[PDB]
Amino acid sequence: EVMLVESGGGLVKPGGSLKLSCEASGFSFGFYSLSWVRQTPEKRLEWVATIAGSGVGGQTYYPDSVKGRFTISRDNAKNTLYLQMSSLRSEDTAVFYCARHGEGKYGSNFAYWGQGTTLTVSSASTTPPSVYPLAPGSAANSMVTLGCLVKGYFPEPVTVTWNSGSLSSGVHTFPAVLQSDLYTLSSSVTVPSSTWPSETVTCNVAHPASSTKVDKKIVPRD
Amino acid sequence: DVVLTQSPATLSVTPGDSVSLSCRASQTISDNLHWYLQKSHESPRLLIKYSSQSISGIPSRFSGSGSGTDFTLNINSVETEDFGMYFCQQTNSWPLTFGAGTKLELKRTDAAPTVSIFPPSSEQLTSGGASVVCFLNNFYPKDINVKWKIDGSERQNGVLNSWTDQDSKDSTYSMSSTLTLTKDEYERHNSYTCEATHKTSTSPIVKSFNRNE
Amino acid sequence: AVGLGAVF
């Protein structure tokens with residue numbers, strides 16, 4: 001099996017530098033051309049850099065948007081592809097994929113893609129979330145919907161579970177919305193009315209960037 | 001640079017239908033045009049290379065054609081596992097460029113939303129803010145309108161909405177809508193309402209609470 | 001046409 005495994009992504013301030021790696025296996029590494037391609041938060045795919053294979057000429061290629069800032073290189077003995085990025089920009093923020101090209105005359109396409117590593121470039125401050133319970137109005141069915149509001153955090157991601165994973169069906173975690181440089185998301189869970197409030201329902205929120213975990217038990221309002 | 005224009009941007013189809021996705025190049029690119037499918041939470045996957053060449057492991061229902069500037073990806077009898085984003089990409093000249101993608105979404109029977117409204121938490125109020133949250137869950141089709149009302153009067157400012165991706169189990173959509181006010185404004189009014197309009201009902205679904213309850 | 005295909 002062709003394996004391409006990227007690493008190195010992280011949160012960097014603008015003007016900073018970061019090196020990505022892609023470890024490959026399952027094919028004769030040195031013969032193939034390899035590229036980096038990124039996917040922006042808008043889901044656009046953008047080619048970032050290419051290094052040609054051994055019978056292709058070995059040269060490097062870059063779009064104007066990264067020329068002078070990024071350097072692609074390879075260590076064939078290690079089966080590893082590198083991307084050294086410098087002078088980073090907020091517009092560089094993306095999931096970065098390593099990709100392997102094909103063979104022969106009909107082989108300039110991307111044939112295989114990695115799993116991606118995430119780069120976020122921002123001058124906004126890392127900010128932990130506030131976690132607020134969503135319980136129905138005191139005056140409000142066989143099923144009850146509860147939730148948690150996770151407000152004012154940066155950067156993405158946060159993860160939300162319910163009762164440490166024992167409530168899995170009936171959960172919706174909504175995509176975060178950005179405003180004034182902070183994210184807010186919500187999560188809903190729907191359970192039988194006989195299970196709440198007689199049994200506890202807790203949202204477990206994790207924000208790794210700020211080393212934060214919050215457990216918020218949802219209690220009925222007065 | 002070669003600009004690739006993909007049409008349509010989004011398309012909903014019932015499994016078993018057939019589709020034709022268009023990719024048009026701003027200048028001629030011979031047959032140097034490739035197609036990828038990216039499913040949710042996954043990396044892109046090569047479907048067709050050099051306009052029409054098949055890829056081992058890809059089902060025969062995928063077919064490509066075209067040369068010059070106008071290219072087509074046919075999917076004949078779309079299967080559940082085929083829904084996702086379809087990108088084209090050219091290798092005729094540097095820089096390598098991609099189309100913006102066609103999102104193929106699954107058409108199913110209509111489903112009305114389950115609507116729930118939630119008051120600000122006392123925790124949030126201690127911080128000077130007040131968010132009122134409305135969940136509109138498991139509906140189809142995706143088009144829906146939410147109107148917020150305070151004491152029965154429409155409010156447009158301070159609303160933020162978020163839609164989920166199409167559900168992997170039941171192919172419905174869900175939306176969350178949050179109205180954020182100051183605590184002092186929140187406490188100057190009585191009732192808060194979210195009104196959902198959806199093609200499944202002539203009348204909107206109304207959910208409210210008030211602060212005298 | 002950019003000619004990136006592997007040759008052996």
# chains A, B, ... in the order shown; residues from 1 in each chain; ligands from 1

call {"tool": "residues_around", "arguments": {"residues": "residue 3 in chain C", "least_positions_apart": "2", "cutoff": "8 Å", "atoms": "only C-alpha atoms", "output": "VMD selection string"}}
result
(chain A and resid 56 105 107 to 108) or (chain C and resid 1 5)

call {"tool": "write_last_selection", "arguments": {"atoms": "N, CA, C and O atoms", "output": "short mmCIF file (atom, residue, chain, number, x, y, z; two decimals), in the first residue's frame"}}
result
data_model
loop_
_atom_site.label_atom_id
_atom_site.label_comp_id
_atom_site.auth_asym_id
_atom_site.auth_seq_id
_atom_site.Cartn_x
_atom_site.Cartn_y
_atom_site.Cartn_z
N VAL A 56 13.25 12.23 -13.91
CA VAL A 56 12.49 13.37 -14.39
C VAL A 56 13.33 14.64 -14.44
O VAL A 56 12.98 15.58 -15.17
N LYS A 105 4.52 9.05 -19.64
CA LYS A 105 4.03 10.23 -20.35
C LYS A 105 2.68 10.69 -19.79
O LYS A 105 2.43 11.90 -19.66
N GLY A 107 1.46 10.68 -16.68
CA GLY A 107 1.74 10.55 -15.26
C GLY A 107 2.00 11.84 -14.49
O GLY A 107 2.53 11.77 -13.38
N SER A 108 1.62 13.01 -15.02
CA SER A 108 1.80 14.24 -14.26
C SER A 108 0.69 14.50 -13.25
O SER A 108 0.87 15.37 -12.39
N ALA C 1 1.51 17.73 -19.60
CA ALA C 1 2.59 18.29 -20.45
C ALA C 1 3.74 18.83 -19.62
O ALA C 1 4.86 18.97 -20.13
N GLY C 5 5.78 12.62 -14.85
CA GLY C 5 5.65 11.18 -14.68
C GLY C 5 6.98 10.46 -14.48
O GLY C 5 7.98 10.73 -15.15
#

call {"tool": "residues_around", "arguments": {"residues": "residue 7 in chain C", "least_positions_apart": "3", "cutoff": "9 Å", "atoms": "only C-alpha atoms", "output": "PyMOL selection string"}}
result
chain A and resi 31-32+53-56+103-105

call {"tool": "interface_residues", "arguments": {"of": "chain B", "to": "chain C", "cutoff": "7 Å", "atoms": "only C-alpha atoms", "output": "list in words"}}
result
residues 32, 91, 92 and 93 of chain B

call {"tool": "write_last_selection", "arguments": {"atoms": "N, CA and C atoms", "output": "compact mmCIF listing (two decimals), in the first residue's frame"}}
result
# COMPACT_ATOMS: atom_id res chain seq x y z
N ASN B 32 -4.95 17.29 -20.73
CA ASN B 32 -4.19 17.26 -19.48
C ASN B 32 -5.08 17.68 -18.31
N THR B 91 -2.63 19.77 -15.75
CA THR B 91 -1.17 19.64 -15.75
C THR B 91 -0.54 20.08 -17.08
N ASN B 92 -1.24 20.92 -17.85
CA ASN B 92 -0.71 21.40 -19.12
C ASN B 92 0.36 22.47 -18.93
N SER B 93 0.29 23.25 -17.86
CA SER B 93 1.25 24.34 -17.69
C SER B 93 1.34 24.72 -16.22

call {"tool": "residues_around", "arguments": {"residues": "residue 61 in chain B", "least_positions_apart": "4", "cutoff": "8 Å", "atoms": "only C-alpha atoms", "output": "list in words"}}
result
residues 74, 75, 76, 77 and 78 of chain B

call {"tool": "residues_around", "arguments": {"residues": "residue 9 in chain B", "least_positions_apart": "4", "cutoff": "9 Å", "atoms": "only C-alpha atoms", "output": "JSON list (two decimals) with C-alpha atoms, in the first residue's frame"}}
result
[["chain", "number", "residue", "atom", "x", "y", "z"],
["B", 100, "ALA", "CA", -13.26, 25.20, -7.25],
["B", 101, "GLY", "CA", -15.21, 21.94, -7.00],
["B", 102, "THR", "CA", -18.73, 20.61, -7.55],
["B", 103, "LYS", "CA", -20.43, 19.47, -4.34],
["B", 104, "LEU", "CA", -22.63, 16.42, -5.01]]

call {"tool": "atom_distance", "arguments": {"atom1": "CA of residue 130 in chain B", "atom2": "CA of residue 118 in chain B"}}
result
11.0 Å

call {"tool": "interface_residues", "arguments": {"of": "chain A", "to": "chain B", "cutoff": "6 Å", "atoms": "only C-alpha atoms", "output": "number ranges by chain"}}
result
A: 44, 63, 115, 134, 136, 139, 174

call {"tool": "closest_residue", "arguments": {"among": "A:220, A:208, A:9, A:197", "to": "residue 92 in chain A", "atoms": "only C-alpha atoms"}}
result
A:9

call {"tool": "residues_around", "arguments": {"residues": "residue 189 in chain B", "least_positions_apart": "2", "cutoff": "10 Å", "atoms": "only C-alpha atoms", "output": "number ranges by chain"}}
result
B: 150-151, 184-187, 191-192, 210-211

call {"tool": "write_last_selection", "arguments": {"atoms": "N, CA, C and O atoms", "output": "JSON list (two decimals), in the first residue's frame"}}
result
[["chain", "number", "residue", "atom", "x", "y", "z"],
["B", 150, "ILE", "N", -38.10, 39.43, 19.35],
["B", 150, "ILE", "CA", -38.02, 39.85, 20.74],
["B", 150, "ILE", "C", -39.33, 40.57, 21.05],
["B", 150, "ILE", "O", -39.69, 41.52, 20.34],
["B", 151, "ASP", "N", -40.05, 40.09, 22.06],
["B", 151, "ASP", "CA", -41.38, 40.64, 22.35],
["B", 151, "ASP", "C", -42.23, 40.73, 21.07],
["B", 151, "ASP", "O", -42.97, 41.68, 20.86],
["B", 184, "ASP", "N", -27.90, 43.62, 29.69],
["B", 184, "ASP", "CA", -28.86, 44.68, 29.99],
["B", 184, "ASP", "C", -30.00, 44.75, 28.96],
["B", 184, "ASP", "O", -31.18, 44.95, 29.32],
["B", 185, "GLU", "N", -29.68, 44.54, 27.67],
["B", 185, "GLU", "CA", -30.77, 44.54, 26.71],
["B", 185, "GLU", "C", -31.65, 43.30, 26.89],
["B", 185, "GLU", "O", -32.88, 43.40, 26.85],
["B", 186, "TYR", "N", -31.01, 42.15, 27.07],
["B", 186, "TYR", "CA", -31.73, 40.90, 27.30],
["B", 186, "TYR", "C", -32.74, 41.07, 28.43],
["B", 186, "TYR", "O", -33.89, 40.65, 28.31],
["B", 187, "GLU", "N", -32.34, 41.73, 29.50],
["B", 187, "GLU", "CA", -33.17, 41.83, 30.68],
["B", 187, "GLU", "C", -34.17, 42.97, 30.58],
["B", 187, "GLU", "O", -34.99, 43.14, 31.49],
["B", 191, "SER", "N", -40.08, 38.17, 25.97],
["B", 191, "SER", "CA", -40.15, 36.94, 25.20],
["B", 191, "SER", "C", -39.14, 36.91, 24.06],
["B", 191, "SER", "O", -38.84, 37.92, 23.44],
["B", 192, "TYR", "N", -38.69, 35.70, 23.76],
["B", 192, "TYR", "CA", -37.72, 35.44, 22.71],
["B", 192, "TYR", "C", -38.24, 34.28, 21.90],
["B", 192, "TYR", "O", -38.69, 33.28, 22.48],
["B", 210, "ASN", "N", -40.32, 32.98, 27.70],
["B", 210, "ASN", "CA", -40.30, 34.35, 28.21],
["B", 210, "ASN", "C", -39.78, 34.34, 29.63],
["B", 210, "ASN", "O", -39.69, 33.30, 30.28],
["B", 211, "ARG", "N", -39.42, 35.52, 30.11],
["B", 211, "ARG", "CA", -38.73, 35.67, 31.38],
["B", 211, "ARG", "C", -39.67, 35.75, 32.58],
["B", 211, "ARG", "O", -39.19, 35.83, 33.71]]

call {"tool": "atom_distance", "arguments": {"atom1": "CA of residue 12 in chain B", "atom2": "CA of residue 197 in chain B"}}
result
20.6 Å

call {"tool": "select_by_dssp", "arguments": {"residues": "range 71-162 of chain B", "states": "alpha helix (DSSP H)", "output": "list in words"}}
result
residues 122, 123, 124 and 125 of chain B

call {"tool": "closest_residue", "arguments": {"among": "A:204, A:159, A:35, A:65", "to": "chain C", "atoms": "only C-alpha atoms"}}
result
A:35
